[PDB]
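Structure first, commentary second.
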Amino acid sequence: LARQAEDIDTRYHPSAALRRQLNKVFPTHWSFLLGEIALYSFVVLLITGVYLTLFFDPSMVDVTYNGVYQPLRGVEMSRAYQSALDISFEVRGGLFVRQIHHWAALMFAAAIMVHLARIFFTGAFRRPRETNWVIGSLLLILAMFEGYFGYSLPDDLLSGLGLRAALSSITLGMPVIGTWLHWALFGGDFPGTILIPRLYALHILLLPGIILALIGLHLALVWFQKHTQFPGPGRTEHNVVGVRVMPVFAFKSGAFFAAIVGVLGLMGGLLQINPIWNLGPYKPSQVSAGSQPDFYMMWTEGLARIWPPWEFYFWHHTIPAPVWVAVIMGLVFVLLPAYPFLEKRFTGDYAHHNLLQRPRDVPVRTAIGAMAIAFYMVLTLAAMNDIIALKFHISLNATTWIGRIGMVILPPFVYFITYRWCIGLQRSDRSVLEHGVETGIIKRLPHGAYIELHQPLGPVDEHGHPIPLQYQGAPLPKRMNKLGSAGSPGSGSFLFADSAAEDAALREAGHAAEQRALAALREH
Amino acid sequence: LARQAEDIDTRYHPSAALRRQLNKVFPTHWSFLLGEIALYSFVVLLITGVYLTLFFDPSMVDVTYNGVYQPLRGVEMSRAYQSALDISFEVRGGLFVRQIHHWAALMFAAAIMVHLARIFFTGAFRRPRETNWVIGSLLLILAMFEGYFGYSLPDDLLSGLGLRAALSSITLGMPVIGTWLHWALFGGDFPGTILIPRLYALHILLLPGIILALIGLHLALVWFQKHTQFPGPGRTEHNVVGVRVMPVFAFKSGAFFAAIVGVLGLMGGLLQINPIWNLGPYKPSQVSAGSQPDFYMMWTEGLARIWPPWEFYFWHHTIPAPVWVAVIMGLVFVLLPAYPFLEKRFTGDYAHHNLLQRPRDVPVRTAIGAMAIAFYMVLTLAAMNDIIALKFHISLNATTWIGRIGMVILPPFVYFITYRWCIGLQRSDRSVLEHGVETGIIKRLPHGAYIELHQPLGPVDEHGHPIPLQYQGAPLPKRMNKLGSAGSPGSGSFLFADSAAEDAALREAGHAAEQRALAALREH
Amino acid sequence: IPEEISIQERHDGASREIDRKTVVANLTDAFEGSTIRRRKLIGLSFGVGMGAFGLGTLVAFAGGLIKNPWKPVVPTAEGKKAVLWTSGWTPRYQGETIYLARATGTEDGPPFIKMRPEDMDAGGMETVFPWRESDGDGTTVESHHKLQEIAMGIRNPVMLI
Amino acid sequence: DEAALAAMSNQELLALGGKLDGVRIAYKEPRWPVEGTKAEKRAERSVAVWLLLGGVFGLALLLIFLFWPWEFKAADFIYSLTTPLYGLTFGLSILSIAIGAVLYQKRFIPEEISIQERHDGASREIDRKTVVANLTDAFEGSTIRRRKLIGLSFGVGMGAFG
Ligand code: HEM
Ligand code: HEM
């Protein structure tokens, strides 16, 4: 309505800022949506979590169930487990909501890992945006820890065992402080009356707020410093090619948010996850093969499993094996934000860049990325020892030794292999740039020869051989049908053809539109 | 350091917007700091609440104390009260921190009330900033509800009785819906196992986050739309007079924050507040004169007390008296944001204003404000009837009747009195405008007369009687010492004088500086 | 710190006309480029779908708190009645003997003890609670929990003057 | 840039606004240059089908959420279907909405290409000089550069309090 707009303009006078923000242009590429996925997952996590807070009771006082689940009647149990079972069975649909929460958290972890991997591959971590990389590393670490605190609130015996092992062992194993930190955290011995309320408060109050504020900071930094773009025809280090915000960009974001909510709901309702009722209340005397916690902190458990038993004994003191695990995880923590400075000092490059590099052009960085991903994968699969030996009849000791040799002998092999792979990809791209696109058609040449009939991508010499081009980092169509190859079928939909005039007019309009678009892009 | 500044400039290129905000000018007046105090109190509440969450346990399962307070050993009690006692007595300084938290909450309530009163008096709620007034009303209501939820977590006799009475009676007394809302909130009957955890979650998560977001929105709105200013010599509806940020504004804000933290800490350490250990664990069978909850919702209790017992009985139904109390509080809630619309559609004014009006200029608005404040004061003091009858030997029934009759008869009296008061203030201002301000000196006039010897404030006619000036809504001195007549004594510190030349130089320098400042302000 | 006086030059009021024209033109072109003004069916379908999804989502979200205050959950001597209609004094099998047991405040001794008419005075005020002899003294876990449950009842306490 | 800007075409107004904001637009073409054809009617029918499916699935979700046996009786074949049916209906509804929206965007909203003209790099020198001068005068006017005792006492007090 005109009246409301006139009143708003007269009151707040927002014209330039609205015009400035609304006319902004975003780069268009499929790899550039791997952050909105995580942000939508985060929104889902927040809404589900703010719902779940109305039916919990974090208490360690022993009580009797006498509820609805008959097989667990008359068993002394923690109050928090009782509240969890209540929200899982007594409240209409609570199980659905909590399963959605857990599945969305897993989606968040997977999305953040994928986004970090994509950012590392593209090499946008150079001088203009290094603080953004440091913030992203800190976000990853805090999100991982908070997610670790997630599955521990319904203190069943599995989560109790996991938290007991991790916290009690690593905290008490500190060479110098040791007992002080554990006693500060638990208030005395390991089983404490204040542990669960403290964990609940930390999981609902501090970490989510810090994470949200830092996500806002990250989004603001990526908003001000303009986004990068892949090399292309009309792309240059002083401009950005894409689409405007209002007509397209926001609509796509909303559609993507709806789509991720839909897939999350479908898969959460289809798949059971963490059936605590099947488990039992946590007690120190009960233990079983139930192990292998959530997969986004699983590398710590794998490292604990794989480490050889080395110990040192001096005057009335003893440093156990897990201290090495703590040292390794701390080193991994340190290395993640320190990578840009290390690379800058190693290569001695201090130039600004707004254009990314395709993965096949930098063998060294891709090799280091393969190094890291192979190490992470072998650490992750090593702690799957129980399930691997169970489903597939393999010796537990044999698989342990396979991992023990794998994390040391596998990395160099894949490093060398991916180095050769990148070199070969570069050579293939050069060969494609030299000659024409292989059309896959052969001629008999009555004198008796067979030729390939290359299709040149541009100018040719006086003899018909294509004039060699120059590599510019732009992708090229490996397959002939990718470019040109006019083969659009008739104007029908599924069973009946349309008028020939309509089909001809549509073909002319489409060809004219595509030709005008490419001509405008090339001229600009 | 120069290198860091150069790197920061080369990376994010921020100079323009930073220069824009850093050159902002803020109005200078003591009444303009009554919001900074509330914000600083809010910061104190947030930090303390972050601390307190690490030692609490909101559970209603009965337990035994067997702690350290001997007069409370071996008594059945709620877990939350045990955790509160632990925080109060078994942690070094925990009682100090919780007392600081409670005192800070009271500070916040009083500060927001005073700030709202000053805003209402100054009349800044006109067309340019109406949405700010609506947001402020929402902030007041939400903060009041949050404060009500505050003192209820340590479910002692006082908090239990207050929450029982208020929530149970009001919710169950709803005419149409009634029992549905109460059963949804408590999960069945009044004493529920889920009530306290739900209240704890609502007190830590939803309301504080919403309040912080809305406070940020209000601060942003007052940042963009420039602040108003009192009328003065060099003040006009198209400019703002004050000081810049860097040398004064931020430094004064930090000093005020330190001072408010100091007064909070001192008065918290001196005054005992809410001694729950002296109280007992909540039980339905224990009750006494302990009543009159926190003083920022005490008006609801007073309204409940003074209301006459009117009831209606039709076919198998009954509407109790407190429904009228609910109607009154709902109407009070409704009227607070709707006042500017009523004023603008009553007086027929649709003009922009950047300059405020002094309180004595507008009689009607001041009269309505006196109406409201007198009503609030008489309602609040009515609820404190028991202490009135106790400390001062007065009849309880007599005091109740006095409050009941005064709620009707007092408002018109104070309304008329303040109307006359404002008219008299305007008359006095006109009189002091007509003639020179009285010097308090009389002369014998040997012919036999006595004269005041007025000191003219400006132009003087041929007769020596100053010509009448014009009123510009600007304050004027009423005492000779307010203007420079005789001041600045010797240059000594407390016991020993200085050199005469130094004192004379200081005097002339100060006079020259003040005259230059006044001339620059008046000419420009 | 030196004192200073400055002037801000508000530049308040309505925005510059050129910016308003540019914003209005941009919004109008963006809105009318979709040609949705001449598709009533598409807009109607979008509105119906959005409304249905919103109402279903809000109903599902709000379904975790609704409870019936009128369902029979408490057993009585005349069937089962709602909580609001009972106070713990209702007989359960038509002839129960309930003593006006008074509180004691001791843990070793029973929390409640029976009451005799002679043990009163002309101006004595006492507090009593239902006993339900089948409850038993506070020795076993079940008896102790039942005694605590009867202790925590809003409509239980009764004066006897 | 003059009062005669009135009675100006929308496209040129948009181009002028982009010039003020430093954005030049090329290849803004409607998705249907040809007049009304049955292809567009088929496309609109197809996009409406998804919205109708979403609405129907939402109504079914409301019905099942209101009238489903969800109380525990496992010891049934139906109690094991509450959560799967809820998730299925919810996901199908909102996924149909999303796919309808994306299809409507792809087959009806015109495509465009624009240029941003980053203006990246170091800021303009005048702004740097003004900010440096302002900061220097603000710090130098404090006069604290020649007061070692005051600064030392402030630092000691702040450190002790912290
Ligand atoms: C932000 C990242 C978050 C992550 C990674 C996360 C993760 C988790 C996980 C995996 C569980 C276990 C659920 C189960 O076993 O069924 C859980 C439980 C819980 N979380 Fe979170 N959550 C997050 C945010 C929140 C928020 C924002 C809230 C409250 C506002 C919250 C409150 C709860 C509650 C009450 C539970 C107990 C319910 C249950 O265990 O099923 N969480 N969390
Ligand atoms: C939004 C403004 C707030 C109000 C009006 C408020 C109100 C109150 C009140 C009146 C008390 C009683 C203090 C006492 O008994 O000593 C209290 C205690 C408490 N508040 Fe807040 N509070 C606020 C913010 C917060 C925040 C942000 C947190 C942290 C998330 C928090 C957590 C607590 C805790 C843990 C206690 C227990 C301390 C105690 O009762 O002694 N509150 N609150």
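Chains: A, B, ... in order of the structure tokens. Residues: from 1 per chain. Ligands: from 1, in order shown.
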Enumerate residues in contact with ligand 1: an atom-to-atom distance of at most 7 Å, counting only C-alpha atoms and all ligand atoms. Format the result as a ChimeraX atom specification. /A:42,45-46,49-50,52-53,56,84,98-99,101-102,105,143,146-147,150-154,203-204,208,274
Please, could you write that set of residues out with N, CA and C atoms as a CSV table (one decimal), in the first residue's frame?
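Okay, selection_1.csv is ready:
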chain,number,residue,atom,x,y,z
A,42,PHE,N,21.1,-25.0,11.5
A,42,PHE,CA,21.3,-24.3,12.7
A,42,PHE,C,19.9,-23.7,13.2
A,45,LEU,N,17.9,-26.5,14.5
A,45,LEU,CA,18.4,-26.9,15.8
A,45,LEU,C,17.8,-26.0,16.9
A,46,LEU,N,17.9,-24.7,16.6
A,46,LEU,CA,17.4,-23.7,17.6
A,46,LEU,C,15.9,-23.8,17.9
A,49,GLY,N,15.3,-27.1,19.8
A,49,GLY,CA,15.8,-27.0,21.1
A,49,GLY,C,14.9,-26.1,22.0
A,50,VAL,N,14.5,-25.0,21.5
A,50,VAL,CA,13.6,-24.1,22.3
A,50,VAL,C,12.3,-24.8,22.5
A,52,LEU,N,12.0,-28.2,23.1
A,52,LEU,CA,12.3,-29.3,24.0
A,52,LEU,C,12.5,-28.9,25.4
A,53,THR,N,12.8,-27.6,25.6
A,53,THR,CA,13.2,-27.1,27.0
A,53,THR,C,12.0,-27.2,27.9
A,56,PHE,N,11.8,-31.1,30.3
A,56,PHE,CA,13.0,-31.7,30.8
A,56,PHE,C,13.1,-31.5,32.3
A,84,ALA,N,13.2,-37.9,30.1
A,84,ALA,CA,13.5,-38.2,28.7
A,84,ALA,C,12.5,-39.3,28.2
A,98,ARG,N,12.2,-34.8,19.2
A,98,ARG,CA,13.6,-35.1,19.6
A,98,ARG,C,14.5,-35.8,18.5
A,99,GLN,N,13.8,-36.7,17.8
A,99,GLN,CA,14.6,-37.3,16.7
A,99,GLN,C,14.9,-36.3,15.6
A,101,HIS,N,15.5,-33.1,16.2
A,101,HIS,CA,16.6,-32.4,16.8
A,101,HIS,C,17.9,-33.1,16.6
A,102,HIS,N,18.0,-34.4,16.9
A,102,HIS,CA,19.2,-35.1,16.8
A,102,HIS,C,19.7,-35.2,15.4
A,105,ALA,N,21.1,-32.0,14.2
A,105,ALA,CA,22.4,-31.7,14.7
A,105,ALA,C,23.4,-32.5,13.9
A,143,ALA,N,31.4,-25.9,18.1
A,143,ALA,CA,30.3,-26.7,17.6
A,143,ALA,C,30.5,-28.2,17.9
A,146,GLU,N,30.2,-28.7,21.7
A,146,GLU,CA,28.8,-28.6,22.2
A,146,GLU,C,28.0,-29.8,21.7
A,147,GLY,N,28.2,-30.3,20.5
A,147,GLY,CA,27.6,-31.5,20.0
A,147,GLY,C,28.0,-32.7,20.9
A,150,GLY,N,25.9,-32.8,23.7
A,150,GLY,CA,24.5,-33.0,23.3
A,150,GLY,C,23.9,-34.4,23.8
A,151,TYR,N,24.5,-35.5,23.3
A,151,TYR,CA,23.9,-36.8,23.6
A,151,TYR,C,24.1,-37.3,25.0
A,152,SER,N,24.6,-36.4,25.9
A,152,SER,CA,24.9,-36.9,27.3
A,152,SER,C,23.9,-36.5,28.3
A,153,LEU,N,23.0,-35.5,27.9
A,153,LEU,CA,22.0,-35.1,28.9
A,153,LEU,C,21.0,-36.2,29.3
A,154,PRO,N,20.5,-37.0,28.4
A,154,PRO,CA,19.7,-38.2,28.8
A,154,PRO,C,20.6,-39.3,29.2
A,203,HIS,N,25.0,-26.6,27.8
A,203,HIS,CA,24.5,-26.9,26.5
A,203,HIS,C,23.4,-26.0,26.0
A,204,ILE,N,22.6,-25.4,26.9
A,204,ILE,CA,21.5,-24.6,26.5
A,204,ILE,C,21.8,-23.1,26.5
A,208,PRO,N,25.5,-22.2,22.8
A,208,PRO,CA,24.6,-21.7,21.7
A,208,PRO,C,24.7,-20.2,21.5
A,274,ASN,N,18.9,-43.3,18.5
A,274,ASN,CA,19.1,-43.3,19.9
A,274,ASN,C,17.9,-43.7,20.7
Would you give me, as a ChimeraX atom specification, the residues of chain B that come within 6 Å of chain C, using only C-alpha atoms? /B:184,238-243,284
Restricting the output to N, CA, C and O atoms, write the selected residues as a PDB file, in the first residue's frame.
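Ended up saving to part-v1.pdb:
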ATOM      1  N   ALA B 184      -2.481 -26.845  31.198  1.00  0.00           N
ATOM      2  CA  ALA B 184      -1.371 -26.810  30.253  1.00  0.00           C
ATOM      3  C   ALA B 184      -0.095 -26.308  30.917  1.00  0.00           C
ATOM      4  O   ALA B 184       0.989 -26.853  30.681  1.00  0.00           O
ATOM      5  N   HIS B 238      16.890  21.974  13.425  1.00  0.00           N
ATOM      6  CA  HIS B 238      17.618  21.385  12.307  1.00  0.00           C
ATOM      7  C   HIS B 238      19.079  21.112  12.651  1.00  0.00           C
ATOM      8  O   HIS B 238      19.902  20.952  11.744  1.00  0.00           O
ATOM      9  N   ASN B 239      19.418  21.051  13.936  1.00  0.00           N
ATOM     10  CA  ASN B 239      20.789  20.776  14.342  1.00  0.00           C
ATOM     11  C   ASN B 239      20.784  20.212  15.755  1.00  0.00           C
ATOM     12  O   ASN B 239      19.800  20.331  16.488  1.00  0.00           O
ATOM     13  N   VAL B 240      21.904  19.593  16.123  1.00  0.00           N
ATOM     14  CA  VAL B 240      22.080  18.971  17.429  1.00  0.00           C
ATOM     15  C   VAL B 240      23.326  19.559  18.075  1.00  0.00           C
ATOM     16  O   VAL B 240      24.377  19.656  17.431  1.00  0.00           O
ATOM     17  N   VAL B 241      23.206  19.952  19.340  1.00  0.00           N
ATOM     18  CA  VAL B 241      24.301  20.543  20.101  1.00  0.00           C
ATOM     19  C   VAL B 241      24.754  19.540  21.151  1.00  0.00           C
ATOM     20  O   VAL B 241      23.926  18.963  21.865  1.00  0.00           O
ATOM     21  N   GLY B 242      26.064  19.333  21.242  1.00  0.00           N
ATOM     22  CA  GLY B 242      26.611  18.410  22.216  1.00  0.00           C
ATOM     23  C   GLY B 242      28.110  18.232  22.099  1.00  0.00           C
ATOM     24  O   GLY B 242      28.833  19.185  21.795  1.00  0.00           O
ATOM     25  N   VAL B 243      28.590  17.011  22.339  1.00  0.00           N
ATOM     26  CA  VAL B 243      30.010  16.700  22.283  1.00  0.00           C
ATOM     27  C   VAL B 243      30.218  15.495  21.376  1.00  0.00           C
ATOM     28  O   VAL B 243      29.308  14.698  21.139  1.00  0.00           O
ATOM     29  N   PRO B 284       2.175 -27.120  51.487  1.00  0.00           N
ATOM     30  CA  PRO B 284       0.841 -26.505  51.397  1.00  0.00           C
ATOM     31  C   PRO B 284       0.262 -26.092  52.739  1.00  0.00           C
ATOM     32  O   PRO B 284      -0.647 -25.255  52.766  1.00  0.00           O
TER      33      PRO B 284
END
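Distances to ligand 2 were evaluated for A:198, A:244, A:19, A:435 using only C-alpha atoms and all ligand atoms, and the minimum falls at A:198.
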Please determine the contact residues of chain B with respect to chain A at a cut-off of 8 Å, counting only C-alpha atoms, and supply them as a PDB file with N, CA and C atoms, in the first residue's frame.
ATOM      1  N   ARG B  11      43.060  -4.419   4.717  1.00  0.00           N
ATOM      2  CA  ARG B  11      42.256  -5.636   4.636  1.00  0.00           C
ATOM      3  C   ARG B  11      40.761  -5.344   4.488  1.00  0.00           C
ATOM      4  N   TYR B  12      40.162  -4.664   5.467  1.00  0.00           N
ATOM      5  CA  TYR B  12      38.721  -4.436   5.463  1.00  0.00           C
ATOM      6  C   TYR B  12      38.313  -3.093   4.872  1.00  0.00           C
ATOM      7  N   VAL B  50      24.973 -15.561  34.327  1.00  0.00           N
ATOM      8  CA  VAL B  50      25.916 -16.508  33.742  1.00  0.00           C
ATOM      9  C   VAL B  50      26.682 -17.233  34.839  1.00  0.00           C
ATOM     10  N   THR B  53      24.412 -19.977  37.121  1.00  0.00           N
ATOM     11  CA  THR B  53      23.885 -21.188  36.501  1.00  0.00           C
ATOM     12  C   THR B  53      24.759 -22.412  36.742  1.00  0.00           C
ATOM     13  N   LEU B  54      25.968 -22.242  37.266  1.00  0.00           N
ATOM     14  CA  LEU B  54      26.901 -23.346  37.434  1.00  0.00           C
ATOM     15  C   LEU B  54      26.742 -24.082  38.759  1.00  0.00           C
ATOM     16  N   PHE B  55      25.760 -23.712  39.587  1.00  0.00           N
ATOM     17  CA  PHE B  55      25.595 -24.372  40.876  1.00  0.00           C
ATOM     18  C   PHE B  55      24.141 -24.647  41.236  1.00  0.00           C
ATOM     19  N   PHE B  56      23.223 -24.638  40.279  1.00  0.00           N
ATOM     20  CA  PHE B  56      21.808 -24.793  40.572  1.00  0.00           C
ATOM     21  C   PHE B  56      21.304 -26.153  40.106  1.00  0.00           C
ATOM     22  N   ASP B  57      20.199 -26.596  40.705  1.00  0.00           N
ATOM     23  CA  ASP B  57      19.596 -27.890  40.391  1.00  0.00           C
ATOM     24  C   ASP B  57      18.087 -27.785  40.587  1.00  0.00           C
ATOM     25  N   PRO B  58      17.329 -27.551  39.515  1.00  0.00           N
ATOM     26  CA  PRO B  58      15.862 -27.376  39.609  1.00  0.00           C
ATOM     27  C   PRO B  58      15.070 -28.683  39.593  1.00  0.00           C
ATOM     28  N   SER B  59      14.958 -29.315  40.760  1.00  0.00           N
ATOM     29  CA  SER B  59      14.236 -30.573  40.888  1.00  0.00           C
ATOM     30  C   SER B  59      13.303 -30.531  42.091  1.00  0.00           C
ATOM     31  N   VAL B  61      11.864 -33.388  43.447  1.00  0.00           N
ATOM     32  CA  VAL B  61      11.821 -34.640  44.190  1.00  0.00           C
ATOM     33  C   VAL B  61      12.293 -34.393  45.617  1.00  0.00           C
ATOM     34  N   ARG B 127       5.242  11.872  16.784  1.00  0.00           N
ATOM     35  CA  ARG B 127       5.215  11.125  15.527  1.00  0.00           C
ATOM     36  C   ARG B 127       6.547  10.490  15.132  1.00  0.00           C
ATOM     37  N   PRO B 128       7.698  11.165  15.224  1.00  0.00           N
ATOM     38  CA  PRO B 128       8.941  10.536  14.742  1.00  0.00           C
ATOM     39  C   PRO B 128       9.347   9.268  15.483  1.00  0.00           C
ATOM     40  N   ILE B 194       6.891 -30.683  36.954  1.00  0.00           N
ATOM     41  CA  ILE B 194       7.496 -30.027  35.801  1.00  0.00           C
ATOM     42  C   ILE B 194       7.429 -28.514  35.891  1.00  0.00           C
ATOM     43  N   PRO B 197      11.193 -26.772  36.684  1.00  0.00           N
ATOM     44  CA  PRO B 197      12.101 -26.780  35.521  1.00  0.00           C
ATOM     45  C   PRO B 197      11.632 -25.887  34.386  1.00  0.00           C
ATOM     46  N   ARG B 198      10.323 -25.856  34.124  1.00  0.00           N
ATOM     47  CA  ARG B 198       9.796 -24.985  33.080  1.00  0.00           C
ATOM     48  C   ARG B 198      10.041 -23.520  33.415  1.00  0.00           C
ATOM     49  N   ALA B 201      13.767 -22.729  32.931  1.00  0.00           N
ATOM     50  CA  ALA B 201      14.101 -22.582  31.519  1.00  0.00           C
ATOM     51  C   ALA B 201      13.586 -21.261  30.965  1.00  0.00           C
ATOM     52  N   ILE B 204      15.811 -18.431  32.160  1.00  0.00           N
ATOM     53  CA  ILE B 204      17.186 -18.330  31.673  1.00  0.00           C
ATOM     54  C   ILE B 204      17.262 -18.086  30.167  1.00  0.00           C
ATOM     55  N   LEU B 205      16.331 -18.633  29.382  1.00  0.00           N
ATOM     56  CA  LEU B 205      16.537 -18.748  27.944  1.00  0.00           C
ATOM     57  C   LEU B 205      15.665 -17.811  27.118  1.00  0.00           C
ATOM     58  N   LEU B 206      14.341 -17.911  27.235  1.00  0.00           N
ATOM     59  CA  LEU B 206      13.466 -17.232  26.284  1.00  0.00           C
ATOM     60  C   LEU B 206      13.387 -15.737  26.567  1.00  0.00           C
ATOM     61  N   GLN B 225      17.827   7.409  14.341  1.00  0.00           N
ATOM     62  CA  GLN B 225      17.066   8.636  14.548  1.00  0.00           C
ATOM     63  C   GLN B 225      17.749   9.455  15.635  1.00  0.00           C
TER      64      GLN B 225
END
Quick one: residues within 10 Å of residue B:429, only C-alpha atoms, excluding same-chain residues fewer than 5 positions away - as a PyMOL selection string? chain B and resi 360-361+423-424+434+471+473+475-476+478
Interface, chain D side, toward chain C (7 Å; only C-alpha atoms) as number ranges by chain: D: 10, 13-14, 17, 48, 51-52, 54-55, 58-59, 61-62, 65, 108-109, 142
Should the cut-off be 7 Å, what would the residue list for chain D against chain A look like, counting only C-alpha atoms, as an mmCIF file with C-alpha atoms, in the first residue's frame?
data_model
loop_
_atom_site.group_PDB
_atom_site.id
_atom_site.type_symbol
_atom_site.label_atom_id
_atom_site.label_comp_id
_atom_site.auth_asym_id
_atom_site.auth_seq_id
_atom_site.Cartn_x
_atom_site.Cartn_y
_atom_site.Cartn_z
ATOM 1 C CA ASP D 21 24.996 2.078 -6.869
ATOM 2 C CA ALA D 26 22.907 -6.789 -19.176
ATOM 3 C CA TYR D 27 20.643 -9.485 -20.651
ATOM 4 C CA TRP D 70 -0.775 -42.732 19.810
ATOM 5 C CA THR D 83 6.143 -40.885 14.077
ATOM 6 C CA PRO D 84 6.785 -42.286 10.553
ATOM 7 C CA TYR D 86 3.993 -37.579 10.973
ATOM 8 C CA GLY D 87 7.412 -37.225 9.372
ATOM 9 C CA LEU D 88 6.202 -38.480 5.997
ATOM 10 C CA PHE D 90 5.371 -33.061 7.045
ATOM 11 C CA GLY D 91 8.270 -33.709 4.689
ATOM 12 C CA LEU D 92 6.043 -34.346 1.681
ATOM 13 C CA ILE D 94 6.985 -28.782 2.683
ATOM 14 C CA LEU D 95 9.066 -30.525 -0.010
ATOM 15 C CA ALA D 98 9.754 -26.079 -2.101
ATOM 16 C CA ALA D 101 8.615 -22.623 -5.647
ATOM 17 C CA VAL D 102 11.831 -23.610 -7.429
ATOM 18 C CA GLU D 112 19.668 -11.667 -15.461
ATOM 19 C CA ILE D 113 23.397 -10.937 -15.337
ATOM 20 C CA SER D 114 24.919 -8.007 -13.452
ATOM 21 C CA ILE D 115 28.293 -6.463 -12.611
ATOM 22 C CA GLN D 116 29.275 -5.233 -9.152
ATOM 23 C CA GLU D 117 32.503 -3.196 -9.625
ATOM 24 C CA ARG D 118 33.999 -4.246 -6.288
#
Based on DSSP run over this structure's backbone, return all residues of stretch 286-478 of chain A in strand (DSSP E), as a PDB file with C-alpha atoms, in the first residue's frame.
ATOM      1  CA  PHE A 312      57.008 -43.525  31.972  1.00  0.00           C
ATOM      2  CA  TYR A 313      57.831 -44.181  35.633  1.00  0.00           C
ATOM      3  CA  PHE A 314      59.979 -41.864  37.742  1.00  0.00           C
ATOM      4  CA  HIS A 317      54.857 -40.558  39.587  1.00  0.00           C
ATOM      5  CA  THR A 318      53.321 -42.019  36.441  1.00  0.00           C
ATOM      6  CA  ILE A 319      52.186 -40.460  33.153  1.00  0.00           C
TER       7      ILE A 319
END
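Pairwise distance (atom CA of residue A:381, atom CA of residue A:409) equals 15.4 Å.
When only C-alpha atoms and all ligand atoms are used to measure the gap to ligand 2, the shortest distance among B:183, B:350, B:299, B:277 belongs to B:277.
Atom CA of residue B:222 is found 14.4 Å from atom CA of residue A:14.
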Name the residues of chain C that fall into alpha helix (DSSP H) according to DSSP on the backbone, using the chain letters and numbers of this document, as number ranges by chain. C: 17-33, 40-62, 141-151
